[PDB]
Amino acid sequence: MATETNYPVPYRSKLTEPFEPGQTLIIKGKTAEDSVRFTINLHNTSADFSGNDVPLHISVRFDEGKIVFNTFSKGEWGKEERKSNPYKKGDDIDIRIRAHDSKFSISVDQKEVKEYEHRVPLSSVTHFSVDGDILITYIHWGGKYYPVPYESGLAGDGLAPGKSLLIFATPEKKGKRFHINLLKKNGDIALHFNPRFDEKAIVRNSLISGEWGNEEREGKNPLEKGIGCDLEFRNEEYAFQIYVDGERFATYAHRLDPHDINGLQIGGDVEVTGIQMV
């Protein structure tokens, strides 16, 4: 409540379309040394009536030191389900809710902590709200089930200079390695991002005319098996700026002319939950 910026609470948003299996709602924010609690709700209602069903209610309690989940329907609350609250008053929070056909999978700090079985129709979720002692800094709802190996084209402009490709993924618990390729029309790979847990390093290289280049590694692998990560590839003037979980992990000098990077491939031991061009 010190600064504004955006996402002022009480925050409310009407979904373009009902929440569907494979989609994720991401909520990030800051709390104060005096914060007591805040809530995240997936609710029904018409358009602004407010008071209908609440398929999923999440209460983050600093007083009780617990994260509590419940559902409200037909004018009554069900039995609450609890998990420990890993957060201390102050410091940032990162809560993500992914819908599936039988439950919601909730992660805290990119670690899965709760599987909440649906008690009422997921399709009943038409809005979501966030309120309480929290300063919201980021909110996003989208994604789908991305099959892996994955391959797709990038818009018309592609990963052009000044743009960034954002990928939300989770390295498999017992996976060994995975990769992300940013390609050009002819198949050359401008940037090959290859985390190798068996080698404790992320390999970066380019594939030009069927041949692999030098290879840039080292920098201590910031990823961890089973934990979600936010990968951002920023196309800048002289090089790609690779961010991992909000921190610049490395830079990669362009070996191929930037511009026209209109292809994407993802493979290996990884689960993809979101891809956006920002």
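Under this definition, the rigid core comprises the largest set of C-alpha atoms superposing within 1.5 Å between the forms. In case it trips you up, residue 1 is the first one in the sequence shown, and so on.
Taking 5-13 and 21-29 in turn, the stretch whose Cα atoms are more displaced from the shown form in 5 other deposited structures of this protein following rigid core superposition is 5-13. When the mean C-alpha temperature factors of 55-63 and 223-231 are read from the deposited coordinates, 223-231 comes out higher.
Remark: stretch with higher mean C-alpha B factor among 214-222 and 243-251 is 214-222.
Considering 31, 41, 44, 70 together, the PDB entry gives 44 the largest C-alpha B factor. You'll see in the entry that, of 171, 149, 162, 195, the Cα B factor peaks at 162. Sort the chain's modelled residues by C-alpha temperature factor and residue 75 lands in the middle third, per the entry. Residue 140: CA B factor in the middle third of modelled residues in this chain (values from the PDB entry). Residue 276 sits in the middle third of its chain by CA B factor, as recorded in the PDB entry. In the PDB entry, a CA B factor belonging to the lowest third of its chain's modelled residues is recorded for residue 121. In the deposited entry, the Cα temperature factor of residue 186 places it in the highest third of its chain's modelled residues.
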